[PDB]
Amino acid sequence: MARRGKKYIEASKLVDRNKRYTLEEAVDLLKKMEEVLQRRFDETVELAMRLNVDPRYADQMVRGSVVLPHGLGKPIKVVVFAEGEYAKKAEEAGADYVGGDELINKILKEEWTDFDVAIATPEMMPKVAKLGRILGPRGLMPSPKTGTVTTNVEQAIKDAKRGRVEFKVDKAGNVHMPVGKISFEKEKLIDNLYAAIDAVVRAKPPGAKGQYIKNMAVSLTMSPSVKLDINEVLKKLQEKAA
């Protein structure tokens, strides 16, 4: 498709390079970007924060959850990659699709992605990796950052079913949160974004020193990023609270 790349750079031209945007500006750009990108799946809206923490220490771990104000109409369809004891727990907890090598091969070979969230045990991730190419782009790859790689499958399934978004900073201090679909009306996306940003703000650990947030940006899965103005956003956020 000698079309897709023309579309990517056009969408990039919408962003002022070193410009740092308000949430309301950014969601406006995301929508304009999608107008150009015209993707055939409903792109996930992604929040990226880099935090000033070394999570090697317990007291600098950034970990939490938040029920975004606006999510997809329920029920949320949940796939769990699991074997043995964990598969039983998975289905007991109400997972829609529970499976191992067969499930994984069905997804890859039939290009079947009819579900809202994927969770995997740590033991299954090595087998799940080959799903990176179909799931990655659709925001469906199980990841520790979304807390979707775990042996505590029951709590992860229930959290997904309730729209509780889980986050966990990585070793480099980066948090990634999906905060809705681009198909959502903007007012909803702005709401979800304050909600998510506030949650990470409140997760500030006791060992966190100096300037907590070092970078913030929002993206669609396959679009350029929009940098956010950290101090503006935190001001807007504080002004609506205390």
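Numbering starts at 1 and runs along the sequence shown.
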Problem set entry | Stretch exceeding the other in mean C-alpha B-factor - 167-175, 129-137 | 129-137
Exercise. Higher mean Cα B-factor in the deposited model: 13-21 or 230-238?
Worked result: 13-21
Exercise. If you check the C-alpha B-factor for each of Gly180, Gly210, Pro205, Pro69 in the entry, which is highest?
Worked result: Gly210
Exercise. Highest Cα B-factor in the PDB entry belongs to which of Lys145, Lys161, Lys88, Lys109?
Worked result: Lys88
Exercise. Once the chain's modelled residues are ordered by C-alpha B factor and cut into thirds, is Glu187 in the lowest, middle or highest one?
Worked result: highest
Problem set entry | Cα B factor band for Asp116 (lowest, middle or highest third within the chain) | middle
Exercise. Of the three thirds of its chain by CA temperature factor, lowest, middle or highest, which one includes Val36?
Worked result: highest
Exercise. Among the modelled residues of its chain, does the C-alpha B-factor of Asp42 lie in the lowest, middle or highest third?
Worked result: lowest
For this session: State the tercile, meaning the lowest, middle or highest third, of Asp96 with respect to the CA B-factors recorded for its chain.
Result: lowest
